[PDB]
Amino acid sequence: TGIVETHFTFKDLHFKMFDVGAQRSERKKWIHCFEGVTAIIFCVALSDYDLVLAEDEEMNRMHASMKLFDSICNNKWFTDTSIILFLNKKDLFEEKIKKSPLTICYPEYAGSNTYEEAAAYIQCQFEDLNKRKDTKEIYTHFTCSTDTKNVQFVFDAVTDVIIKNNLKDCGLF
Amino acid sequence: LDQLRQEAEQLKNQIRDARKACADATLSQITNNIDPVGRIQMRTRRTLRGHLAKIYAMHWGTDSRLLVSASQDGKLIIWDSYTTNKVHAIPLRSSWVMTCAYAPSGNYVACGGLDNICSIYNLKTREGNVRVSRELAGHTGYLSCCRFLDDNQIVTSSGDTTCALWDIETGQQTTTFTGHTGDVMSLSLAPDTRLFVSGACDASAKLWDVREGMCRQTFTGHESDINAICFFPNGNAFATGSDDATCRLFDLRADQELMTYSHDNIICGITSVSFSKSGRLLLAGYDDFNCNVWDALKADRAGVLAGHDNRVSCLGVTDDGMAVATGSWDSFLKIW
Amino acid sequence: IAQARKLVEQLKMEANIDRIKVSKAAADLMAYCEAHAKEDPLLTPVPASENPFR
Amino acid sequence: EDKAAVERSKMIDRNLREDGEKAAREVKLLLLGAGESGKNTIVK
Amino acid sequence: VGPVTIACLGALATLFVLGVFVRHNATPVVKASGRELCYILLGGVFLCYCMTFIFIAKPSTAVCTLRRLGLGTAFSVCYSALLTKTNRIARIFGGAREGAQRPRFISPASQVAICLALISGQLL
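Cut-offs applied
- Residues numbered from 1 in each chain as written, not as in the entry; some residues may be left out.
- Chains lettered and ligands numbered in written order.
- Part of a larger assembly, values for the part shown.
- Heavy atoms only, no water.
- Residues with missing side-chain atoms left out of burial classes, pairs and counts.
- UniProt positions renumbered as here; feature names shortened; annotations may be inferred.
- Contact = heavy atoms within 4.5 Å.
- Helix = DSSP H or I, 4+ residues; strand = E, 2+ residues; numbered from the N terminus.
- Nonpolar A, V, L, I, M, F, W, Y, C, P; charged D, E, K, R; others polar.
- Pairing = 2+ DSSP bridges.
- Axes fitted to C-alpha atoms, helices over the stretch in contact; angles between N-to-C directions.
- Parallel < 35°, antiparallel > 145°, perpendicular 65-115°, else oblique.
- Left-handed = near helix turned anticlockwise from the far one by under 90°.

Chain D carries the name Guanine nucleotide-binding protein G(i) subunit alpha-1 in the PDB entry, which gives Homo sapiens as its organism. The header of this PDB entry states its title as "Cryo-EM structure of Gi1-bound mGlu2-mGlu3 heterodimer".

Going by what the PDB entry lists, chain C is known as Guanine nucleotide-binding protein G(I)/G(S)/G(O) subunit gamma-2 and is assigned to Homo sapiens. What UniProt records for chain C under Function (literature references left out) is the sentence "Guanine nucleotide-binding proteins (G proteins) are involved as a modulator or transducer in various transmembrane signaling systems. The beta and gamma chains are required for the GTPase activity, for replacement of GDP by GTP, and for G protein-effector interaction." UniProt annotates chain C under Sequence similarities with the comment "Belongs to the G protein gamma family."

Set out below in structure tokens:
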């Protein structure tokens, strides 16, 4: 159906969560309509890295996620909006890292058998371009899906982006 | 099969070659002579205030003396030029609305948005305001445009590349057509309810009949998506609104391309195209605040006007050329 | 197969009418668009005397 | 009857003015990601 | 001799500060002041430093008139410049938590309007 809006006033602020709505149409047509948003949420699964359901035999889900992230960051409409890094891997990724050598993410792997170095590598590799980093801050959080949906981190991020936009247009930075 | 596609596309090449051969004389005739035009063609009317949102599209499809526009804050706008005020301000359930329409009788107002819901509002009511709007669905793609010539049949588009014809009384999917590769962006109401036009990539100005239903008119040559389309005041003509800033007149009977006024003076695309009267003044929006109006008959720019500090999105012209309505995201509505 | 046949069928029948759709199109091109091309361009310039706006 | 139109023009502006900062104060977000990328995993 | 030399030293110091800030408006610390109320405060300080010349002068109808309103205006300018910056910073940092929207009357020009209104109250 259409886009689903979830309005919840938790953390003393009227949060509104807007989904993609499964448009399955031209990207820009619904990208430019959402202009004026304060912050966006970027969700990528980490424990399902072995899944190759994105393409039959051409690419994997990692390539699609990286391409979509690059398109979002390089887009001229959202060059100033901050971005949020979320995931849904609390312990499944850690359990899978025991058997998976973490070599599919990068062919030139130079890490151990754990996943801390893999997380560091992916989080430092996400920001391929640094021009938008100065204009818009990038927030990254790991071990998501807490009790109250990680209310503390999202509240801190939203208040930080709000104050940043407030001081940007008043000639204070 | 492969053989069927091959024979079909040799047939298409033969057909387009024949059309070019037959229309070369017409192209030479139209390009040989031009008519004189004015210098500015401008007369200011007023300024509109009382808005704090963005706008996408409007619809000047009524013989009365009012204007209608839609905003993303959730409220519709029905303004008068002289009064610079609104008769009523009804709210909109949808968060975003991109479709705006009005009735010649001033009784029904059509709006819709990303929720795949086409809502018809009651402009005239006993209480003076509409209590609620009826819900219509049946699509998997985002709503793009909707038009109607009466209170019996309504045409609408979707992001799933299909044109839906519905009836107010029935309230169900009455007519549905198979779609092309690209998504339909806009539809133009026919002067006498003959056919409606859909525009997308590789399907520039594809005409579909309302009664018979089959496709007869299809043109190719505009790779970029076409944003806005409108019928000529004289009738039996098309409009080109490709995102590649390509502006070229088209004919229904000719089924062939015409002269193009592309130039290096601009580097961005266009968002809307509109005729003043029989192509006397081509009005087209651009990605910048600055705007220009061309003269198709004179093959030159009629004038330059911006009236905004941000990219303009909506543009409408009265059928009799009484007034033109335009607007950008700066919540400014100016009649040029 | 079946889907491609419908696309071929639509293109096959469209060319049939389009082949005979000329019907001396140039006569219409130079006879249709001048009917209303002289009213509005002269009507729009008003010296703030009969214009309904302002 | 022109006075009534002006009076009506005053109350529509006030009605639209109230909805201005009321909707602006409400923060809007944007959720976008890969297909089935834990849409229901996060508490909503 | 004492007052005039100390006034000259203060005027030179504030002129040097003005030249530094007007030419080094790239580091965010000087931008965090506001870059309008800072100039207003510098003008007030310059008026305070140069008012002693009016103070030590031959009495006259013009001299007496100037030294009557200046004694309040010079300090009111600085006080308003200090007040508006703190007020805008506090309002911006307070209204972010509740009602996420642009605070009213905050701008490089609007704050100047408020500061000049506060000064004009004392002038009136």
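Taken together, the 25 residues of chain C in the interface contact 29 residues of chain B. For the side of chain C that touches chain B, the elements supplying multiple residues, two or more each, are helix 1 (2-19), helix 2 (25-32) and helix 3 (40-43) of chain C. Ranked by the residues each element gives to the side of chain C that touches chain B, the list is headed by helix 1 of chain C, at nine residues. For the side of chain C that touches chain B, the residue count by class is 15 nonpolar, four polar and six charged.

All names here are of chain B. On the basis of which strands lie adjacent, the open sheet formed by four strands has the order 1-22-21-20 and antiparallel pairing. With partners counted over all chains shown, the strands left at the sheet margins are strand 1 (47-48) and strand 20 (312-317), one partner each. Two strands pair when backbone bridges link them, and strand 21 (residues 324-328) and strand 22 (residues 333-335) are joined in this way by three bridges, in the antiparallel orientation. Residue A325 lies in a different strand from strand 22, and its bridge partner there is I335.

The subject of this paragraph is the sheet that holds strand 19 (residues 300-305) of chain B. Strand pairing within a sheet occurs via backbone hydrogen bonds; the two strands may be parallel or antiparallel. Residues and elements named next belong to chain B. As summarised here, the arrangement of the four strands in space is 16-17-18-19, forming an open sheet in which the pairing is antiparallel. Strands at the two margins of the open sheet, each flanked by one partner only, are strand 16 (270-275) and strand 19. The mean angle between the axes of side-by-side strands here comes to 20°, regardless of whether they run parallel or antiparallel. Bridge count between strand 17 (residues 282-286) and strand 18 (residues 291-295): three bridges; the pairing is antiparallel. Note on strand 18: the bridge partner recorded for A284 is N292.

Okay, the packing of helix 1 (residues 2-23) of chain E against helix 3 (residues 37-55) of chain E next. Residues and elements named next belong to chain E. Contact pair helix 1 / helix 3: the axes reach a minimum separation of 9 Å and the direction vectors enclose 165°. Judged by the angle between their axes, helix 1 and helix 3 are roughly antiparallel. Judged by the twist between their axes, the crossing of helix 1 over helix 3 is left-handed. Within the contact between the two elements, helix 1 uses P3, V4, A7, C8, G10, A11, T14, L15, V17, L18, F21 and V22 and helix 3 uses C38, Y39, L42, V45, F46, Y49, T52 and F53. Each residue belonging to the contact of helix 1 with helix 3 can be placed in one class, and the counts come to 17 nonpolar, three polar and no charged.

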